[PDB]
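Enquirer: Here's a structure for you.
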Amino acid sequence: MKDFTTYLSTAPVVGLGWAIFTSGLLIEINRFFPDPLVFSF
Amino acid sequence: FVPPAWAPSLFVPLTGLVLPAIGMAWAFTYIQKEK
Amino acid sequence: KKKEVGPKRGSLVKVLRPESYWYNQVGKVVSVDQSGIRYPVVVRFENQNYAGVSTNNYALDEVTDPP
Amino acid sequence: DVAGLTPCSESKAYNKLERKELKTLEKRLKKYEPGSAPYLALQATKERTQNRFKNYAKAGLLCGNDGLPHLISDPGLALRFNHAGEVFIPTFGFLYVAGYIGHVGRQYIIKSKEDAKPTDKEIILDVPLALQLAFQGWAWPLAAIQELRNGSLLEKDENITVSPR
Amino acid sequence: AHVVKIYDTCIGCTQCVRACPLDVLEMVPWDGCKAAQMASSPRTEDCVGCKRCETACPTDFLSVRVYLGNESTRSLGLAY
Amino acid sequence: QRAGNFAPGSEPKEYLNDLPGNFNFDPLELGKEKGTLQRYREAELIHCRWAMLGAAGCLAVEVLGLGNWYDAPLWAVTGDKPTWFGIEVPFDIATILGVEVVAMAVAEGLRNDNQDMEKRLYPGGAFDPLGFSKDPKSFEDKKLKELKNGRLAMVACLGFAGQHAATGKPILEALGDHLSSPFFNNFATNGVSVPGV
Amino acid sequence: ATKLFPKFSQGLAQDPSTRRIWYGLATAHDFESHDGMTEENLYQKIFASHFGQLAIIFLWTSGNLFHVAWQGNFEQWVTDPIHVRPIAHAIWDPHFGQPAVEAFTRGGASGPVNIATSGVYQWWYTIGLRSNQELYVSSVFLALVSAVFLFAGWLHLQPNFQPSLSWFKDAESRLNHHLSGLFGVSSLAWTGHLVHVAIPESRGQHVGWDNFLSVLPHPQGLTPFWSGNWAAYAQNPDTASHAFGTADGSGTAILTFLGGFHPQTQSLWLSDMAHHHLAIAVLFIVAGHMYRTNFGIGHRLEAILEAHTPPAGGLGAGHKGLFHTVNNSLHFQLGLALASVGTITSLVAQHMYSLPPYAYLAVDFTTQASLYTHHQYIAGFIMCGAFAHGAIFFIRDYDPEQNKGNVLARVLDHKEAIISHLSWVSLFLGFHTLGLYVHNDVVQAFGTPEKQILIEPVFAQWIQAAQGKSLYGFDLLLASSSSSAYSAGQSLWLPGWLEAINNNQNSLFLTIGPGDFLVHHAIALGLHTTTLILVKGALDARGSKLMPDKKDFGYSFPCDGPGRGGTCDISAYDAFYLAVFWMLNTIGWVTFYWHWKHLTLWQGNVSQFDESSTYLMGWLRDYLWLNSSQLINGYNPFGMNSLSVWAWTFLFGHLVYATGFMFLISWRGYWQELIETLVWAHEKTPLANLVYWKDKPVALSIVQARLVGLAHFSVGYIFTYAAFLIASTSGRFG
Ligand code: CLA
Ligand code: CLA
Ligand code: CLA
Ligand code: CLA
Ligand code: CLA
Ligand SMILES: CC(/C=C/C=C(C)/C=C/[C@@]12O[C@]1(C)C[C@@H](O)CC2(C)C)=C\C=C\C=C(C)\C=C\C=C(C)\C=C\[C@@]12O[C@]1(C)C[C@@H](O)CC2(C)C
Ligand code: SF4
């Protein structure tokens, strides 16, 4: 477990996790707010 | 004043063939000039 | 001879050599030669240079305390 | 009505562009039966286009001579014509997020150096420590200006690696 | 040919001579280092400037320096 | 020797102690060098006297009902008849420009060739005919009063310049407008001083 | 060994290789590195070389005048400056075919001629030249001047005529004389010639050397000048309905302030330019006697340099010690001169197209495009030359013990901060410009172009509204009569300038949109990045962390080998050679912007540029693809039009670009081994080993390879863009 956790603690794996997290957040924001351009509350 | 009509027929071959040929001949003798 | 020609071994030093890779850097004194060579202060550095080495010999006048 | 430009709602080229887009979407839609998934997909695309064109209007956006909306970047001018939400608020938000990133990275750099082999912590990330610093960066400007005040944000020129002249 | 200059920061580790592919350097007795050896270049006319001696130098910066200039038949590595 | 403080409890300046008109000030730490300090002293005194004279002219051109100070040089756009309390002097613009340039140049040359650091700040002698500066305490308090009234003069001149840049009304009209309707009419109602009011 | 060709280098003479030839040419005029060279001999060689360059320049312009007069249509272009095209030089090529000869007969000529795009026709029409005999005598006089300058260089090279070292180092007298004589009285004589000739010639009056000292330029006759009534010269200016060639609508005015353009020819007034040059001459003369000569008055350069030091240690020692730094180091003066001249020609390029000074120049679109592109490329080249010679100054002649604590020592102390801030601003500009362009391209690709980000350039629009452009609206100066700027000069130059700036036909303060904003930020990115590369090369020239002893290796050395991870392209010469690529990209950007905006203005489809420059598909398709249709059709199996030569040199430029890629990508080891194999092949063959090489063939040096690749790259770049620009602007216009 802890060896696999340290493998998951390596830089490419946590970078991949950040990549999926940020991409999914931005994609869901764009999907539920279709095409915004100007901040208007 | 005005150059004759045969001037393009003489100066252009002179500076396109003869003058570069003598220039390369002089430069080739100058490159390989030894003591 | 009296005391020692250089700093205490194992103590941190700051390299004042301008042409060195470790200028204004902190290193550890490994050993100081007592025969009288020009650069007796052997300093080991945590970060390697472009050549990959981490140790160098410096004279007495190019080492100070870590500020 | 700044820079010799008209609002998107009052403009004619904006409505012409919207009409052209609706026309080509309807031309693509007419090739499919109403009881098919591409028909619903194109209807959703048309609805999204209409919603976007409605939201771009009545929001202060203005377009000049082509129907494509323009953005005013000078503060003050954007403040007195309700164009601050175009770039002024987003630039402040991006500065906030970028300072969050910088503060989190600085905290991880500093907090992973007082240990044996800091490069090992750099290459294999301390995930609980990284998450703790991630959730502690919400007050990045306060900590940044406080580190500036106490002088720990900047290093003196005596401990800084410097190239020969 | 090229100029090979050796300074007093050399520790006499003999790595530059082993890295030399044309037998330019040599080891002479010395008293300024712990190993009592100093690098010399008595055959600098045969050096081509490959800078292989500079790669093997363990000291910071370089205890041996090669400066190019005035290339000859031996310095250009020509078999013809 | 300190005559007051621009902010009660501020950091005292170790070099700005033996200064006439000592009100601490200097938050930007300018003039720490003594030579720059005395240069700033003489420059401030000269600006004080010039703003003194300018405020005098601006007030005297208005309290006598002779016209606006900004409209005073308006006779020189194309060539008209100047006047001074109804004197109608016949002087061309070139003659007055030349004589003013020459007089100011020789006066500044004499002031620069004074070569006495105490006298550059305060010459005395021929410039003091009444001779009330012989008493040192009276000299000190009159120096303080001159500095205070000169500072008021320069801030009043800056106020006149800003007011005439913002609105076309003269000084007395602005004073009457503030007296009659202070809340309904002030610097915040100009629309150009504060971008957004 | 020891051949006599590199007489300036004894070490290069004893080099039995072909490289001795190449290094015998690249190091030809680097006299500081020559053997047995003194400072006086270096100064004498510099003086002779300067006289030689002046003679070459005068011979070149004499040849231009002669080839415009002979085999040209200067008089026909003078009669009709709108329709018929200028002729540069006739073509005599025996390799030409009969359809190629017939297709190149343009402009009413008897043979194949080249349409002139240098613009000397408009300039010589503006200055007053009308007849071919005037051009002939001007060309022969300039040839005599060039011969005189060459003989002068030879004589000043000769013994008992060489100037002293202190003569060259006399900075004060040289500065005073070149400020007062080279600029002051030269401009005074030029504006005198303008008043005497060009204004009468633009008013239909012939003024020549035969009738000189007889015709009065002004009917008053110099008496208002002595009486002080200089306003009498600006009494009767030329009317709006004035013909440049004739005397219709003429006037009597030689110096005025008629700001704007002549309505008939769309150019600046001759009287305005004469007044400008007279004022410039007066300002130069009144400022040309400021420095301290042998007389008791003047200004010492060193005194002002040393006295200008800020108090409280703002700049440390200040500007002290810079006098000896400038005087001793010639590369510092070279860098300053090249930078100032580059800024000058950049200003020239940016001010010709907006304010055309020559009659019938704005109508000639190809001429204006070629002139702007040439001036911008020359400007970028000598910008880079200024920075490179500054790096040469930092490597060769820079003593930190002399200028200790000065501005140079300070900027060398914190060079890392400057390089880091320039790198940050380059990354910032590039990231955001590329992100905006890619966002716009993706948005336009998805069929919904209204989602693209169009940041309106409000700063430049506010400036132009503050300078008279009422298109953007607003209520700043020069747009509202209540402003003091509008009230001042209301009857001097404002009525003409406002009319010139409110017209959309000319190139004076054109409409600037979001695409113009994006390309302007791209230009800023290019300039800041090239500046970053050049100042990193100059500041790290004499040393760095990878090479502290970079001063001992000279300015142009290949590398230090594969040690310390790799040290290739570490000299300041390599930084300059990368900055050449970046400068080429930046000038390509500015010329693409200029060409596309002006082409859309001339075609009348300004909206196409407004809605097409936002995204890079518009740049590739509406500019690089739509306007290249006439270029590529210069020669085809169907036939040939007049743009065959432009298509041929376009393909030629692409080919030289490819050869530059050849000399830049592949490096020395492969070619050296291949040359060794070829040497064996030539050695071990019958009937060919009887001959032999006097010098051993070797591969080109790494620095030499970089230079050759740079030269091929720049030649291909220049030829390709010149071909495309001239073919696109001349194939559909005239
Ligand atoms: C009224 C008060 C006053 C003020 C405002 C100044 C201000 C100034 N004086 Mg000074 N001066 C004063 C009083 C004053 N002085 C007095 C009392 C004296 C005694 C008589 C002098 C005598 C004096 C001399 C003799 C000289 C000055 C100079 C200067 C200038 C440079 C100062 C300096 O060290 O650089 C500022 C401090 C620095 C550390 C410089 C940092 C510069 C940074 C690194 C550059 C950043 C560039 C950046 C990339 C820009 C980005 C913009 C982007 C668009 C590109 C500065 C404008 C010098 C001058 O003429 O220069 C114009 C000069 O030679 N002064
Ligand atoms: C058109 C081609 C091109 C491009 C885009 C670049 C881009 C760059 N070069 Mg340049 N360069 C080129 C050709 C090019 N080079 C050539 C042919 C030469 C001659 C050899 C040079 C010589 C040169 C020098 C001498 C220097 C640069 C520098 C730079 C940087 C400038 C900073 C900037 O503008 O912000 C960055 C802008 C960019 C467009 C960079 C690309 C980044 C985009 C956004 C992609 C990023 C990744 C993206 C998210 C996708 C991720 C997934 C993907 C990785 C699979 C940047 C990295 C300078 C430098 O290092 O800066 C300090 C520098 O000193 N270059
Ligand atoms: C979070 C760490 C961090 C921090 C605080 C900085 C801070 C700085 N960098 Mg650096 N940089 C970093 C990482 C970092 N950098 C990395 C990883 C790279 C390699 C790609 C660079 C490459 C780089 C260059 C080439 C330059 C800078 C410059 C700068 C300065 C300008 C600010 C800026 O946004 O530049 C822009 C910085 C970037 C575009 C790099 C962003 C790299 C990624 C996207 C961020 C990584 C965040 C990291 C994963 C957070 C870790 C948190 C932890 C819990 C896991 C500033 C001093 C500039 C300078 O000298 O200014 C004076 C400059 O020219 N940086
Ligand atoms: C005022 C102008 C001026 C002056 C007086 C100098 C003078 C000098 N420079 Mg500088 N320089 C200048 C402008 C100037 N340069 C410009 C504008 C640039 C930018 C391009 C440079 C870039 C530069 C570098 C990078 C270096 C110099 C060097 C030199 C020295 C060598 C000159 C010599 O004798 O060798 C004569 C040199 C040659 C004959 C080589 C010229 C070869 C050219 C590139 C070929 C032409 C291109 C192309 C093939 C033409 C044909 C086109 C085709 C279509 C037909 C000398 C001190 C060198 C130096 O100081 O040595 C350390 C050096 O390293 N300069
Ligand atoms: C097989 C592919 C190929 C290749 C490799 C080349 C190679 C070349 N062509 Mg050619 N071309 C080809 C096919 C090809 N061509 C074909 C089939 C056509 C159609 C007839 C053309 C049409 C063409 C034209 C019309 C031009 C070239 C040019 C060039 C040169 C590139 C100049 C350069 O490096 O500047 C680097 C690139 C740039 C500076 C700009 C790139 C173009 C962009 C899209 C313009 C927009 C830039 C703008 C400022 C915004 C971007 C900002 C940024 C921050 C994002 C080079 C000789 C140009 C030339 O000779 O030199 C200028 C030129 O004008 N070519
Ligand atoms: C001399 C002067 C005015 C002169 C006026 C004259 C001749 C007027 C003449 C005329 O009007 C008449 C009579 C009649 C008109 O018809 C014609 C004219 C010709 C117009 C004003 C000075 C005016 C001077 C002014 C306003 C000075 C302001 C100073 C400031 C703001 C100082 C700032 C700092 O204090 C901080 C903030 C923080 C500290 O750390 C640092 C420092 C630098 C000390
Ligand atoms: S330039 Fe060539 S020999 Fe030098 S370090 Fe680079 S690859 Fe190696």
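Labels used: A, B, ... for chains in the order of the structure tokens, numbers from 1 for residues in each chain, and numbers from 1 for ligands as shown.
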Would you mind listing, for every residue of chain G within 10 Å of ligand 2, the two atoms forming the shortest contact and the distance between them in Å to one decimal, using only C-alpha atoms and all ligand atoms, sorted by chain and ascending residue number, as a tab-separated table?
Expert:
```
residue	atom	partner	partner_atom_place_in_ligand_line	distance
G:419	CA	ligand 2	62 (C)	8.6
G:420	CA	ligand 2	62 (C)	7.9
G:421	CA	ligand 2	62 (C)	9.4
G:422	CA	ligand 2	62 (C)	7.7
G:423	CA	ligand 2	62 (C)	4.2
G:424	CA	ligand 2	62 (C)	6.9
G:425	CA	ligand 2	32 (C)	8.0
G:426	CA	ligand 2	32 (C)	4.7
G:427	CA	ligand 2	35 (O)	3.3
G:428	CA	ligand 2	35 (O)	6.0
G:429	CA	ligand 2	34 (O)	6.0
G:430	CA	ligand 2	34 (O)	3.2
G:431	CA	ligand 2	37 (C)	4.5
G:432	CA	ligand 2	37 (C)	7.9
G:433	CA	ligand 2	39 (C)	8.0
G:434	CA	ligand 2	39 (C)	5.6
G:435	CA	ligand 2	44 (C)	6.7
G:438	CA	ligand 2	44 (C)	9.4
G:522	CA	ligand 2	34 (O)	8.9
G:525	CA	ligand 2	34 (O)	6.4
G:526	CA	ligand 2	34 (O)	7.7
G:528	CA	ligand 2	34 (O)	9.1
G:529	CA	ligand 2	58 (C)	6.3
G:530	CA	ligand 2	25 (C)	7.7
G:531	CA	ligand 2	64 (O)	9.3
G:532	CA	ligand 2	64 (O)	6.5
G:533	CA	ligand 2	64 (O)	5.2
G:534	CA	ligand 2	25 (C)	8.8
G:536	CA	ligand 2	64 (O)	8.3
G:537	CA	ligand 2	25 (C)	9.8
G:574	CA	ligand 2	25 (C)	8.9
G:575	CA	ligand 2	25 (C)	6.6
G:576	CA	ligand 2	25 (C)	8.6
G:577	CA	ligand 2	19 (C)	8.3
G:578	CA	ligand 2	25 (C)	4.9
G:579	CA	ligand 2	25 (C)	6.0
G:580	CA	ligand 2	19 (C)	8.1
G:581	CA	ligand 2	19 (C)	5.2
G:582	CA	ligand 2	22 (C)	6.1
G:583	CA	ligand 2	19 (C)	9.8
G:584	CA	ligand 2	19 (C)	9.8
G:585	CA	ligand 2	1 (C)	8.2
G:664	CA	ligand 2	20 (C)	9.1
```
Enquirer: Could you write out as a ChimeraX atom specification the residues of chain G within 12 Å of chain F, counting only C-alpha atoms?
Expert: /G:310-313,482-484,487-488
Enquirer: Excluding stretch 74-78 of chain F and residues on its chain fewer than 3 positions from it, collect all residues at most 12 Å away from it, counting only C-alpha atoms, and give them as a list in words.
Expert: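 So, after excluding close chain neighbours, the residues are residues 67, 68, 69, 70, 71, 81, 82, 83, 88, 91, 92, 93, 94, 96 and 97 of chain F; 487 and 488 of chain G.
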Enquirer: Generate a file of the selected residues that holds N, CA, C and O atoms, formatted as a short mmCIF file (atom, residue, chain, number, x, y, z; two decimals), in the first residue's frame.
Expert:
```cif
data_model
loop_
_atom_site.label_atom_id
_atom_site.label_comp_id
_atom_site.auth_asym_id
_atom_site.auth_seq_id
_atom_site.Cartn_x
_atom_site.Cartn_y
_atom_site.Cartn_z
N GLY F 67 -10.64 92.80 -12.66
CA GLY F 67 -10.70 91.70 -13.60
C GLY F 67 -10.02 90.45 -13.08
O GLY F 67 -9.36 90.44 -12.04
N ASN F 68 -10.20 89.37 -13.84
CA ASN F 68 -9.62 88.08 -13.50
C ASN F 68 -8.11 88.10 -13.68
O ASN F 68 -7.57 88.80 -14.54
N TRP F 69 -7.42 87.32 -12.85
CA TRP F 69 -5.98 87.16 -13.00
C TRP F 69 -5.64 86.38 -14.26
O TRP F 69 -4.64 86.66 -14.92
N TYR F 70 -6.47 85.39 -14.61
CA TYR F 70 -6.24 84.64 -15.84
C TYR F 70 -6.55 85.48 -17.07
O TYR F 70 -5.94 85.28 -18.13
N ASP F 71 -7.50 86.41 -16.97
CA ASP F 71 -7.83 87.31 -18.05
C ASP F 71 -6.95 88.56 -18.07
O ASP F 71 -7.12 89.40 -18.96
N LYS F 81 -4.09 97.43 -24.99
CA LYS F 81 -3.57 98.44 -24.08
C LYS F 81 -3.53 97.88 -22.67
O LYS F 81 -4.60 97.63 -22.08
N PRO F 82 -2.36 97.67 -22.08
CA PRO F 82 -2.30 97.23 -20.69
C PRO F 82 -2.53 98.39 -19.73
O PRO F 82 -2.46 99.57 -20.09
N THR F 83 -2.82 98.04 -18.48
CA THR F 83 -3.11 99.04 -17.46
C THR F 83 -2.74 98.49 -16.09
O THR F 83 -2.63 97.28 -15.89
N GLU F 88 -2.81 103.01 -17.79
CA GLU F 88 -2.70 102.81 -19.25
C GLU F 88 -1.28 103.02 -19.77
O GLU F 88 -1.01 103.90 -20.59
N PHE F 91 3.43 100.24 -23.16
CA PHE F 91 4.59 99.36 -23.28
C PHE F 91 4.27 98.21 -24.22
O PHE F 91 3.25 97.53 -24.05
N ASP F 92 5.13 98.00 -25.21
CA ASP F 92 4.98 96.87 -26.12
C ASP F 92 5.39 95.58 -25.42
O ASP F 92 6.10 95.59 -24.41
N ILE F 93 4.93 94.46 -25.98
CA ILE F 93 5.22 93.16 -25.37
C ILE F 93 6.70 92.80 -25.48
O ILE F 93 7.26 92.17 -24.57
N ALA F 94 7.36 93.21 -26.56
CA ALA F 94 8.77 92.90 -26.73
C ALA F 94 9.63 93.66 -25.72
O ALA F 94 10.57 93.09 -25.15
N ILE F 96 8.73 94.89 -22.69
CA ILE F 96 8.54 94.39 -21.33
C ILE F 96 9.14 93.00 -21.18
O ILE F 96 9.74 92.68 -20.15
N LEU F 97 9.04 92.16 -22.22
CA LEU F 97 9.65 90.84 -22.17
C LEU F 97 11.17 90.94 -22.04
O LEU F 97 11.78 90.27 -21.21
N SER G 487 -7.41 75.79 -29.62
CA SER G 487 -7.36 77.24 -29.75
C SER G 487 -5.99 77.71 -30.24
O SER G 487 -5.91 78.61 -31.09
N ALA G 488 -4.92 77.11 -29.73
CA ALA G 488 -3.58 77.44 -30.18
C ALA G 488 -3.33 76.82 -31.55
O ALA G 488 -3.57 75.63 -31.75
#
```
Enquirer: Quick check: residues of chain G within 9 Å of chain D, only C-alpha atoms, returned as a compact mmCIF listing (two decimals) with N, CA and C atoms, in the first residue's frame.
Expert:
```txt
# COMPACT_ATOMS: atom_id res chain seq x y z
N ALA G 409 29.15 49.78 -14.71
CA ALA G 409 29.44 48.79 -13.67
C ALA G 409 28.16 48.37 -12.95
N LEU G 412 26.18 46.10 -15.28
CA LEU G 412 26.86 44.81 -15.29
C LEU G 412 26.70 44.07 -13.97
N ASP G 413 26.45 44.79 -12.87
CA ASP G 413 26.30 44.14 -11.57
C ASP G 413 24.97 43.42 -11.44
N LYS G 415 22.90 42.50 -14.01
CA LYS G 415 22.51 42.05 -15.34
C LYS G 415 21.50 40.91 -15.27
N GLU G 416 21.57 40.08 -14.23
CA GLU G 416 20.63 38.98 -14.07
C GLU G 416 19.21 39.49 -13.90
N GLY G 447 -17.58 28.06 -36.14
CA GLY G 447 -18.74 28.63 -36.80
C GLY G 447 -19.46 29.71 -36.03
N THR G 448 -18.93 30.13 -34.88
CA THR G 448 -19.54 31.15 -34.03
C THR G 448 -18.49 32.20 -33.72
N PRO G 449 -18.20 33.10 -34.66
CA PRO G 449 -17.09 34.05 -34.47
C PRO G 449 -17.34 35.12 -33.42
N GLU G 450 -18.58 35.27 -32.94
CA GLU G 450 -18.88 36.31 -31.95
C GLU G 450 -18.32 36.00 -30.57
N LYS G 451 -17.88 34.77 -30.32
CA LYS G 451 -17.31 34.42 -29.02
C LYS G 451 -15.85 34.83 -28.88
N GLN G 452 -15.23 35.34 -29.94
CA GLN G 452 -13.82 35.69 -29.88
C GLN G 452 -13.61 36.94 -29.04
N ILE G 453 -12.41 37.05 -28.47
CA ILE G 453 -12.06 38.17 -27.62
C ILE G 453 -11.44 39.25 -28.49
N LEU G 454 -12.08 40.42 -28.51
CA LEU G 454 -11.62 41.56 -29.30
C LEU G 454 -11.40 42.72 -28.33
N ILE G 455 -10.21 42.80 -27.76
CA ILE G 455 -9.88 43.90 -26.86
C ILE G 455 -9.64 45.14 -27.69
N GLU G 456 -10.48 46.15 -27.49
CA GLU G 456 -10.41 47.35 -28.31
C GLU G 456 -9.18 48.17 -27.92
N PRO G 457 -8.33 48.53 -28.88
CA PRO G 457 -7.14 49.33 -28.55
C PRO G 457 -7.51 50.76 -28.18
N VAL G 458 -8.01 50.94 -26.96
CA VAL G 458 -8.52 52.24 -26.55
C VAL G 458 -7.41 53.27 -26.33
N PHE G 459 -6.17 52.82 -26.07
CA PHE G 459 -5.10 53.77 -25.81
C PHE G 459 -4.69 54.52 -27.08
N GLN G 461 -6.49 54.71 -29.84
CA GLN G 461 -7.66 55.46 -30.29
C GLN G 461 -7.83 56.75 -29.49
N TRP G 462 -7.56 56.70 -28.19
CA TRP G 462 -7.60 57.91 -27.36
C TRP G 462 -6.52 58.89 -27.78
N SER G 470 -11.64 62.43 -35.34
CA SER G 470 -12.97 62.48 -34.76
C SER G 470 -13.79 61.23 -35.04
N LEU G 471 -13.19 60.21 -35.67
CA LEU G 471 -13.93 58.98 -35.97
C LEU G 471 -14.31 58.23 -34.71
N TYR G 472 -13.39 58.14 -33.74
CA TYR G 472 -13.66 57.43 -32.50
C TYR G 472 -14.57 58.19 -31.55
N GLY G 473 -14.87 59.45 -31.84
CA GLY G 473 -15.72 60.25 -30.97
C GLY G 473 -14.90 61.00 -29.93
N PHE G 474 -15.24 60.80 -28.65
CA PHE G 474 -14.53 61.35 -27.49
C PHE G 474 -14.55 62.88 -27.44
N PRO G 514 -9.20 45.81 -33.22
CA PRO G 514 -8.66 44.72 -32.37
C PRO G 514 -7.61 43.86 -33.06
N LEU G 539 25.45 41.59 -21.98
CA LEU G 539 25.77 41.64 -20.56
C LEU G 539 26.59 40.44 -20.12
N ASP G 540 26.27 39.25 -20.64
CA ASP G 540 27.04 38.05 -20.36
C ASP G 540 28.16 37.84 -21.38
N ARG G 542 31.41 39.13 -21.43
CA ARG G 542 32.74 38.94 -20.87
C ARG G 542 32.80 37.85 -19.81
N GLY G 543 31.66 37.30 -19.40
CA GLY G 543 31.67 36.23 -18.42
C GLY G 543 30.27 35.80 -18.07
N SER G 544 30.17 34.56 -17.60
CA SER G 544 28.92 33.99 -17.13
C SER G 544 29.26 32.89 -16.13
N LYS G 545 28.25 32.18 -15.64
CA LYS G 545 28.53 31.10 -14.71
C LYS G 545 29.06 29.86 -15.42
N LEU G 546 28.60 29.60 -16.65
CA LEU G 546 29.15 28.49 -17.41
C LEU G 546 30.53 28.81 -17.96
N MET G 547 30.80 30.09 -18.24
CA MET G 547 32.11 30.53 -18.73
C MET G 547 32.47 31.86 -18.08
N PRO G 548 33.09 31.82 -16.89
CA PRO G 548 33.61 33.07 -16.30
C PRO G 548 34.68 33.74 -17.14
N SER G 607 -12.81 46.51 -44.13
CA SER G 607 -13.56 45.59 -43.27
C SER G 607 -13.01 44.18 -43.35
N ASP G 610 -10.26 44.22 -41.00
CA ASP G 610 -10.77 44.38 -39.64
C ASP G 610 -11.31 43.07 -39.09
N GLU G 611 -12.03 42.31 -39.90
CA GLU G 611 -12.62 41.05 -39.47
C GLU G 611 -11.77 39.83 -39.81
```
Enquirer: Residues near residue D:125, anyone? I mean within 10 Å using only C-alpha atoms, not counting same-chain ones fewer than 4 positions away, as a PyMOL selection string.
Expert: (chain A and resi 6-14) or (chain D and resi 108+112+119-121+129-130)
Enquirer: If we count only C-alpha atoms, what is near residue C:61 at a cut-off of 10 Å, once residues fewer than 6 positions away on the same chain are taken out, given as a VMD selection string?
Expert: chain C and resid 6 15 to 17 39
Enquirer: Dump N, CA and C atoms for the selected residues as a PDB file, in the first residue's frame?
Expert:
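In the end it all went to again_22.pdb:
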```pdb
ATOM      1  N   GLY C   6      43.119  26.375   9.182  1.00  0.00           N
ATOM      2  CA  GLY C   6      41.846  26.696   8.582  1.00  0.00           C
ATOM      3  C   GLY C   6      40.698  26.640   9.566  1.00  0.00           C
ATOM      4  N   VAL C  15      31.566  30.565   0.203  1.00  0.00           N
ATOM      5  CA  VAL C  15      32.668  30.688  -0.744  1.00  0.00           C
ATOM      6  C   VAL C  15      32.653  32.088  -1.346  1.00  0.00           C
ATOM      7  N   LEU C  16      33.779  32.791  -1.231  1.00  0.00           N
ATOM      8  CA  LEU C  16      33.931  34.132  -1.778  1.00  0.00           C
ATOM      9  C   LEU C  16      34.626  34.149  -3.132  1.00  0.00           C
ATOM     10  N   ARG C  17      34.928  32.990  -3.702  1.00  0.00           N
ATOM     11  CA  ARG C  17      35.584  32.938  -5.004  1.00  0.00           C
ATOM     12  C   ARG C  17      34.602  33.347  -6.094  1.00  0.00           C
ATOM     13  N   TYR C  39      45.329  25.722  -1.695  1.00  0.00           N
ATOM     14  CA  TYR C  39      43.892  25.592  -1.452  1.00  0.00           C
ATOM     15  C   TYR C  39      43.660  24.388  -0.551  1.00  0.00           C
TER      16      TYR C  39
END
```
Enquirer: Using only C-alpha atoms and all ligand atoms, determine which residues fall within 9 Å of ligand 7, then list them as a PyMOL selection string.
Expert: (chain E and resi 50) or (chain G and resi 558-563+565-570+667-669+702-703)
Enquirer: Identify, counting only C-alpha atoms and all ligand atoms, the protein, DNA and RNA residues located within 9 Å of ligand 6, and give them as a ChimeraX atom specification.
Expert: /F:25-31,44,46-61,68-74,151,153-159,161
Enquirer: Please report, as a PyMOL selection string, each residue of chain E to which DSSP assigns alpha helix (DSSP H) when run on this structure's backbone.
Expert: chain E and resi 15-19+52-55
Enquirer: Go through chain G and flag each residue having an atom no more than 7 Å from ligand 4; for those, report the closest pair of atoms plus their distance in Å to one decimal, using only C-alpha atoms and all ligand atoms, ordered by chain and rising number, as a tab-separated table.
Expert:
```
residue	atom	partner	partner_atom_place_in_ligand_line	distance
G:25	CA	ligand 4	39 (C)	5.3
G:26	CA	ligand 4	40 (C)	4.1
G:27	CA	ligand 4	35 (O)	4.4
G:28	CA	ligand 4	34 (O)	4.1
G:29	CA	ligand 4	34 (O)	1.4
G:30	CA	ligand 4	34 (O)	3.7
G:31	CA	ligand 4	34 (O)	6.3
G:334	CA	ligand 4	1 (C)	6.3
G:338	CA	ligand 4	1 (C)	6.2
G:381	CA	ligand 4	19 (C)	5.4
G:382	CA	ligand 4	17 (C)	4.1
G:384	CA	ligand 4	19 (C)	5.4
G:385	CA	ligand 4	18 (C)	3.5
G:386	CA	ligand 4	16 (C)	6.9
G:388	CA	ligand 4	25 (C)	5.5
G:389	CA	ligand 4	65 (N)	6.1
G:392	CA	ligand 4	60 (O)	6.3
G:555	CA	ligand 4	62 (C)	5.2
G:556	CA	ligand 4	64 (O)	5.7
G:573	CA	ligand 4	25 (C)	5.6
G:576	CA	ligand 4	25 (C)	6.5
G:711	CA	ligand 4	47 (C)	5.5
G:715	CA	ligand 4	54 (C)	5.5
```
